[PDB]
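Protein chains in written order, with the entry's author numbering: chain A, 1 to 137; chain B, 338 to 393; chain C, 282 to 449; chain D, 58 to 113; chain E, 4 to 246; chain F, 8 to 104. Beta carbons are placed, not taken as given, at the ideal position from N, Cα and C, and that holds for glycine.
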Amino acid sequence: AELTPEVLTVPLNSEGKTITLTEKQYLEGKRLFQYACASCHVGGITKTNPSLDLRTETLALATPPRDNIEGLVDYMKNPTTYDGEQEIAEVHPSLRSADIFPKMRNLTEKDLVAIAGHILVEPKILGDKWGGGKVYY
Amino acid sequence: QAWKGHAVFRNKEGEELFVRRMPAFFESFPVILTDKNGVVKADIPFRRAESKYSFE
Amino acid sequence: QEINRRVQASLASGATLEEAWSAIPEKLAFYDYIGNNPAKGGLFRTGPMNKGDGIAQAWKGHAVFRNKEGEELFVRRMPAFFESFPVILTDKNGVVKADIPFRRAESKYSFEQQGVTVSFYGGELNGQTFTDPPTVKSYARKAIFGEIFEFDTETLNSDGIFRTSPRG
Amino acid sequence: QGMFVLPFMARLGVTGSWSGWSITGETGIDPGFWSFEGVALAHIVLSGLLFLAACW
Amino acid sequence: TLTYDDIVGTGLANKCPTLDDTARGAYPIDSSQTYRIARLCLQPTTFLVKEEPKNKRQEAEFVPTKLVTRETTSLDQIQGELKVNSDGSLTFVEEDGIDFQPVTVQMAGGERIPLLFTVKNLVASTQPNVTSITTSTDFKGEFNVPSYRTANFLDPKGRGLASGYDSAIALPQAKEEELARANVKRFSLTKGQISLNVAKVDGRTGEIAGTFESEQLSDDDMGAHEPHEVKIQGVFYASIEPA
Amino acid sequence: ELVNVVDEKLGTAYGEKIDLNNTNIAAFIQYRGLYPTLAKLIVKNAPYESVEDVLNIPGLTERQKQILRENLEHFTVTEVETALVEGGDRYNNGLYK
Ligand code: CLA
Ligand code: HEM
Ligand SMILES: CC1=C(/C=C/C(C)=C/C=C/C(C)=C\C=C\C=C(C)\C=C\C=C(C)\C=C\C2=C(C)CCCC2(C)C)C(C)(C)CCC1
Ligand SMILES: [Ca+2]
Ligand SMILES: [Ca+2]
Ligand SMILES: [Cl-]
């Protein structure tokens, strides 16, 4: 198996449009994800709330849908609860709360795109391990 | 565990009958019932064919 | 494998399922039972095999598991390595269809959910079907050991823990 | 219950256990040190000391 | 006014607040006003367990026990509605708080009796026409006693109710019937009863204090054995407020 | 005759759908729009005599009522099982990942 262009092709939006990430974008995505997110989302779960994971289907059923680049980038700008009802930037890292979550200050739009791509691609490689927790280690 | 109560025996005629107690000497002892004057009124027979005092 | 060969040869010759399984000698079924596996014992588990699982009295017959849709289900057998083993049922292709869950709150495969049933063919229970989840689970628990037997556990005050044979 | 020395301890006034019961059927009594356990322990310790003196 | 550092490790944190002897006043109840208890506290001082009857089948007595789980016993920060009823009686409806404590007491002979000391879902009512809470007011009611262990609890061989094995796996081929009471865990839910006897009232602040006595079942270890009957005695405190 | 009540409950609709009277709250993540807001209101306002009764929760928005209506096909009710709802287990049932 190889990290092919096809593996790296993920939904851009909810309207059927895709983007093919480069190998360098995937590595940047891994790196930045480790830097800003993995402290809580190591392996795709959520340590401070294990009920919600980063599996693609789960992201698909979030409101608004997050199983795409646009959704995730927006989440990284303006995070909501799973139903969209309240905005949670104050207790969750975001550009909007880059003041209280200082690791978010140097993150650029390109970085957010890379992170989103890691989140969507990783389950395509790792399967059930992603968001699986210890059961699947 | 608990006391069952005092057993009082009666025949069909209603006379109170009293079980003859086992003396310490006897590992086994027959079952004999007498009236208050010690007259034999009932028992558990060994031979039945000529039993006259059976509980029945 | 040999039991299945004989049963298949029986069905092929026109026998009913019940007839096919009743023709299986009890001795052969008894060899297909882990309690007779010499690798299940314990160093300080002393005495005859009978002191453990008991004096075998009779084959109960072959337990066949089925779900609410009527698909035949198969209990995963306990390998000798495991002193204890979970209860897992799969379809003929090995896809999981039922189990005895540990945590229940997120169970999706309980026998109750899947309406798992058991019918017996051959042995003492030939022709009988049980649908109440407690009983079906019990037979599944015994089915991990393979063919299921009736034991006298009273005669020797058998303690229920497998012992090895003279071979071991 | 086949108790043999227990009646001798009781006989002279040792009636309670550190565990809280008494042979007279009382609960929540504090017998002090001289419970059945305490008597047993004292005898054990005495036994050991006598062993050492014997050695001497 | 005492701080955490003044209280920590002294034992005082397990004590309910007290009122001094001059507090024999009366707290007026306006039957048009809605009321709450802002804090109800219960501090047990004695635990009594009913000895199991020898077989004489006379009156089995409640006997003293020794607390072994230390000062971890009080119920506190409990709050709820205090309804004024049409007959002028008051009913406390427990809503929430730290309304339970696991407690192990030890009987003469060593037997340990775990229990869930609780006033969960308490509903307690006064006598009618209580136009004021006075040192003559009493509250009586019942509460829920859920299983001492909740459904996830696993016994030492891994058997449980909502989780765990459903058999004695160390005895793979023992006959199940004799072990059924142990293999099959059950979740108890029974009723308890409590009396609150007001002994002190500060009419101005809304604080009342007194003694309580409650009766409830102890732990049945998820159905493996019969529970014991327990009577709990201690002091209590409540602050009444308009709300 | 002794019964494991959770296992027994799994053979009811509890084992097939989200039981508004018993199911742990994390189960509402399965379907769009239910978690955490509606989930919280639903658990808070249990038990319910019928599934549809969930629509009568006070304070609901029209949007919320509509979501509930779209997801009723996914709800059920069975008798409250004490073992599942005591201890606050409906909010946290000791299960994480
Ligand atoms: C080849 C030797 C051999 C074998 C394979 C068996 C095998 C069998 N015996 Mg037989 N047995 C033997 C010799 C043997 N026995 C002898 C010599 C006697 C006469 C004493 C007996 C008397 C006997 C009786 C009376 C019975 C059996 C029974 C049985 C069976 C039960 C086995 C048992 O429970 O094991 C238990 C084995 C152990 C618990 C292992 C013991 C390990 C020792 C204690 C280790 C010692 C360590 C040592 C002190 C370390 C030193 C350290 C130092 C160097 C520093 C079993 C099929 C029983 C049966 O069911 O028959 C119908 C039965 O009742 N056996
Ligand atoms: C750039 C960093 C991070 C990103 C992009 C990220 C990504 C996400 C996403 C996409 C979700 C939505 C889950 C879903 O809808 O299924 C989520 C949920 C969540 N994450 Fe983050 N994660 C990051 C880091 C963190 C950190 C550092 C924490 C905690 C300190 C955290 C805690 C949470 C929590 C609590 C939720 C759910 C909150 C709710 O929905 O109410 N995450 N995360
Ligand atoms: C009074 C009192 C009491 C009594 C007490 C008693 C009774 C005790 C006794 C005493 C005793 C009983 C003591 C002990 C002893 C002796 C010693 C002190 C020890 C020793 C010895 C040694 C020194 C030795 C050494 C060595 C050895 C070891 C070996 C070899 C070598 C040699 C010999 C060298 C009581 C309780 C009642 C109570 C109150 C009162
Ligand atoms: Ca037995
Ligand atoms: Ca009073
Ligand atoms: Cl999940």
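Query raised in the report: Which residues in chain C sit within 9 Å of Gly100 (chain E), going by Cβ to Cβ distance?
Result: What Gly100 (chain E) touches in chain C: nothing, since even the nearest Cβ is about 26 Å away.
Query raised in the report: Quick one: does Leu41 (chain F) have its CB under 8 Å from some CB of chain A?
Result: Output row for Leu41 (chain F): interface = yes.
Query raised in the report: Per DSSP, what kind of secondary structure is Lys378 (chain C) in: helix, strand or coil?
Result: Residue state, collapsed to three classes: strand.
**Report entry** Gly342 (chain B) classed as buried or exposed, judged by whether at least 16 other C-beta atoms fall within 10 angstroms
**Finding:** Here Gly342 (chain B) is exposed, its C-beta having fewer than 16 other C-beta atoms within 10 Å.
Query raised in the report: Do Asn68 (chain A) and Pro11 (chain A) come within 8 Å of each other at the CB atom, strictly closer than that value?
Result: Closer than 8 Å, so yes.
Query raised in the report: What is the rounded straight-line gap between the Cα of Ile172 (chain E) and the Cα of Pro367 (chain C)?
Result: Going from the Cα of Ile172 (chain E) to the Cα of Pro367 (chain C) covers about 10 Å.
Requested in this report: Check whether the Cβ of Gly328 (chain C) sits closer than 7 Å to any heavy atom of ligand 1, and report yes or no.
Outcome: The answer is yes for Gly328 (chain C).
Query raised in the report: For chain F, is any of its Cβ atoms less than 8 Å away from the one on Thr56 (chain A)?
Result: Closer than 8 Å: no.
Query raised in the report: Any heavy atom of ligand 6 closer than 7 Å to the CB of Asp96 (chain F)?
Result: Exclusion of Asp96 (chain F) from the 7 Å shell around ligand 6 follows from its C-beta lying no nearer than that to any non-hydrogen atom of the ligand.
Query raised in the report: Of all the CB atoms in chain D, is at least one closer than 8 Å to the CB of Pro56 (chain E)?
Result: No Cβ of chain D is located within less than 8 Å of the beta carbon of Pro56 (chain E).
Query raised in the report: Given that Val204 (chain E) touches chain F, what residues does it touch there, using C-beta distances under 7 Å?
Result: Ordered by position in chain F, no residue passes the 7 Å Cβ test against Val204 (chain E), which lies about 34 Å from the chain.
Query - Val13 (chain F) - containing alpha helix (DSSP H), residue span - result: Where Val13 (chain F) is concerned, the enclosing alpha helix (DSSP H) stretches over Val12 to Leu17.
Query raised in the report: Going along the chain, which residues of the stretch 39–68 of chain A sit with their C-beta nearer than 8 Å to a C-beta in chain F?
Result: Legend: CB atoms of the stretch 39–68 of chain A lying less than 8 Å from CB atoms of chain F belong to residues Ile45, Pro50, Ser51, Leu52, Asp53, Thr58, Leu61, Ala62 and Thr63.
Query - Simplified DSSP assignment, three categories, for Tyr38 (chain E) - result: Correct three-state label for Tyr38 (chain E): strand.
Requested in this report: Tell me whether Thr129 (chain E) is buried or exposed, calling it buried when 16 or more other Cβ atoms sit within 10 Å of its Cβ.
Outcome: Looking at its Cβ environment, which holds 16 or more other Cβ atoms inside 10 Å, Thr129 (chain E) is buried.
Report task. Please list the partners that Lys418 (chain C) has in chain E, where partner means a Cβ-to-Cβ separation under 8 Å. Result -> In chain order: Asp169.
Requested in this report: Could you tell me whether the Cβ atoms of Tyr38 (chain E) and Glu244 (chain E) are closer together than 8 Å?
Outcome: Yes. Within cutoff.
Query raised in the report: Would the beta-carbon of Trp113 (chain D) be found less than 7 Å away from any heavy atom of ligand 3?
Result: Yes.
Query raised in the report: How would you list, in chain order, the residues of chain E whose beta-carbon sits under 9 Å from the beta-carbon of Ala339 (chain B)?
Result: Taking the beta carbon of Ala339 (chain B) as reference, the chain E residues within 9 Å of it are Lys57, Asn58, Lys59 and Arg60, listed in sequence order.
**Report entry** Helix, strand or coil at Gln236 (chain E) according to DSSP, with G and I counted as helix
**Finding:** Three-state DSSP puts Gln236 (chain E) in a strand.
Requested in this report: Could you say which of C:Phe430, C:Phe362, C:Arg358 and C:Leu309 lies nearest to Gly375 (chain C) if we only look at CA atoms?
Outcome: Nearest option by C-alpha distance: C:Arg358.
**Report entry** Identified DSSP bridge partners for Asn147 (chain E)
**Finding:** According to DSSP, which records beta bridges pairwise, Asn147 (chain E) is partnered with E:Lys194.
Report task. With hydrogens ignored, establish whether the beta-carbon of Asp33 (chain E) is closer than 7 Å to any heavy atom of ligand 5. Result -> False, no ligand heavy atom lies under 7 Å from that Cβ.
Query raised in the report: What does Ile36 (chain F) reach in chain A if we use C-beta pairs closer than 8 Å?
Result: Chain A residues near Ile36 (chain F): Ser51, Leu52, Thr58, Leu61 and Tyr82.
**Report entry** When C:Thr445, C:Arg448, C:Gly441 and C:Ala386 are compared against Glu180 (chain E), the one with the closest alpha-carbon
**Finding:** Checked all of C:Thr445, C:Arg448, C:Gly441 and C:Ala386; the closest Cα to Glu180 (chain E) is C:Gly441.
Query raised in the report: From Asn78 (chain A) to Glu87 (chain A), what does the alpha carbon distance come to, in whole angstroms?
Result: Taking the straight line from one Cα to the other gives about 7 Å.
Query raised in the report: Roughly how many whole angstroms lie between the Cα atoms of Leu51 (chain E) and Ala111 (chain E)?
Result: One C-alpha to the other measures close to 12 Å.
Query - The beta strand (DSSP E) enclosing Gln394 (chain C), as first and last residue numbers - result: It is not in any beta strand (DSSP E) - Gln394 (chain C) instead sits in the alpha helix (DSSP H) that spans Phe392 to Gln395.
Query raised in the report: What number of angstroms, rounded off, separates the C-alpha of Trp91 (chain D) from the C-alpha of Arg115 (chain E)?
Result: Put simply, the backbone Cα of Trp91 (chain D) is about 24 Å away from that of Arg115 (chain E).
Query raised in the report: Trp91 (chain D) touches chain E at which residues, Cβ-Cβ below 8 Å?
Result: Result: empty, since nearest Cβ-Cβ is about 17 Å, beyond 8 Å.
Query - Cutoff 8 Å: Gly85 (chain D) Cβ touching any chain E Cβ - result: At least one CB of chain E lies nearer than 8 Å to the CB of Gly85 (chain D).
Requested in this report: Please classify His228 (chain E): is it buried, with 16 or more other beta-carbons within 10 angstroms of its beta-carbon, or exposed?
Outcome: Using a 10 angstroms sphere on the CB of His228 (chain E), the tally of other CB atoms stays under 16, which defines it as exposed.
Query raised in the report: Assuming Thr84 (chain D) and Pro117 (chain E) make a contact with CB atoms under 8 Å, what is their CB distance in whole Å?
Result: At roughly 19 Å, the Cβ-Cβ gap does not stay under 8 Å, so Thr84 (chain D) and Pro117 (chain E) are not in contact.
Requested in this report: Between the Cα of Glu86 (chain F) and those of F:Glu93, F:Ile74 and F:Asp26, spot the shortest distance and give me the residue it belongs to.
Outcome: Looking at the Cα atoms, F:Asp26 is the closest of the given residues.
Query raised in the report: Start and end of the beta strand (DSSP E) containing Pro67 (chain E)?
Result: Going by DSSP, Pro67 (chain E) is part of the beta strand (DSSP E) stretching over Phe65 to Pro67.
Query - Exposed unless 16 or more other CB atoms sit within 10 angstroms - verdict on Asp111 (chain A) - result: By the neighbour-count rule (16 or more Cβ atoms within 10 Å), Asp111 (chain A) is buried.
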